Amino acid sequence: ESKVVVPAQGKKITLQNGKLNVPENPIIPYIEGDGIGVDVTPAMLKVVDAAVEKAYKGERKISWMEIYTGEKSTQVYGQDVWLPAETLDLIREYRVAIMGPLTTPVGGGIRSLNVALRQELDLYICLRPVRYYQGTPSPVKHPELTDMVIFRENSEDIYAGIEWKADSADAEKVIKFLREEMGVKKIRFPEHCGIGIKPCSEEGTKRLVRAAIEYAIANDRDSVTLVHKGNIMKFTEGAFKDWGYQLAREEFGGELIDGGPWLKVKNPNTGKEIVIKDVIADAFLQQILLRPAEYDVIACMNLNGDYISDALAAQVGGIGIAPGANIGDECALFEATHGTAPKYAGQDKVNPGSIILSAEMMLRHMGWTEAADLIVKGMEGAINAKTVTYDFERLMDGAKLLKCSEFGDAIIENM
């Protein structure tokens, strides 16, 4: 029995051809989220409604439709229902949705609902833009140098969840097969040993890299960097790099620079030469701090993208100002980079910036660019006014400390 209420006065977004048809009164499903979701989400709704109202003076409005996942889903549907089938159906049906963060237990418990949503809806792109907002405090000297966009493969890798507990019959079964049937000798302690599988396919790699390159062309970006650990993980991470370059060559007419393997790809529109390069993952983490300007669009696998996202975000104010999207061929689910930060949950304390800027991406995705620009404007105003949440305040002299809801209002005031 459905527990979701479909808004009376809204219309469904449709996908005519490959293009979205967004009506004036679109129904947008949202998930509140666990933990700080309770704080940041109400604030996102308020701010988005304001930007839409100001940009289009009543012509347009979102019909927000709440749907359930996580703790709240259990309180609605009964225990044990963490991810109602309805929810998956509703996001595919309505094409565009947004969520708060969801809690994943460490060491046991349910598998990540985030990963479940991503995998079940085949949202193979995790798109995370990291840019500096003028006036944002930062622990680095030149944050303005960081203007990157992460394309993170979202459907494979060690992130996929294929693993077995130490001392379990399954684990022992796999170990025996590895040792005896594959002649694997490189397992140092075969007893009391957990096992994980890391898959990486050509189709998975190329669909992610294709998207990254297209984004670079559509946005007149300077380069695309393949990030990988292919010297140690030759057949997964190194495969990723090989496939990525191969794709650039076969589908975008990529050409050698010198002896390579770096490529030049000519922007069909602007005619700019887009550089396709690669960097090893550990080195990259120094590179972003020491030579940020040399990097632009980033394409990487599931785990690496996760590490990179947080490290990059830190350069530019931290993950309270880090938006993202999970994007597939049939729908898109926007959400902040950060998680549920349970230790602050309910305190009206955290930065709603990340989820707000995710809605900003959603609006842009919807072609409501005017509303989106109002959000950006409001953000820059509020930050420049040095009226901010705890995470910014503690890196700053003479700032007024605002609560999460308050900072929401601050953003609106500066629209």
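Don't overthink the numbering: it's just position in the shown sequence, from 1.
On average, are the C-alpha B-factors higher in 308-316 or in 250-258?
-> Mean CA B-factor is higher for 250-258.
Higher mean Cα B-factor in the deposited model: 343-351 or 46-54?
-> Between 46-54 and 343-351, it is 343-351 that shows the higher mean C-alpha B-factor.
Per the PDB entry, which option out of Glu153, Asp282, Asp122, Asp222 has the greatest Cα B factor?
-> Comparing C-alpha B-factors across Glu153, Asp282, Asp122, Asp222, the top value belongs to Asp222.
Among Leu290, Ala239, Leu117, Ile217, which carries the highest Cα B-factor?
-> Spelled out: the listed residue with the top C-alpha B-factor is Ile217.
Considering only modelled residues of the same chain, in which third does the CA B-factor of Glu294 rank: lowest, middle or highest?
-> It falls in the middle third of the chain.
Sorting the chain's modelled residues by C-alpha B-factor, tell me whether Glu163 ends up in the lowest, middle or highest third.
-> For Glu163, whose C-alpha B-factor we compare with every modelled residue in the chain, the answer is the middle third.
In terms of the chain's CA B-factor thirds, is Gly324 lowest, middle or highest?
-> It falls in the bottom third of the chain.
Chain-wide C-alpha B factor ranking for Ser358, given as lowest, middle or highest third = According to the entry, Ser358 has a C-alpha B-factor in the chain's lowest third.
Lowest, middle or highest third of the chain for the C-alpha temperature factor of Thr104?
-> It belongs to the highest third of the chain when residues are ordered by C-alpha B-factor.
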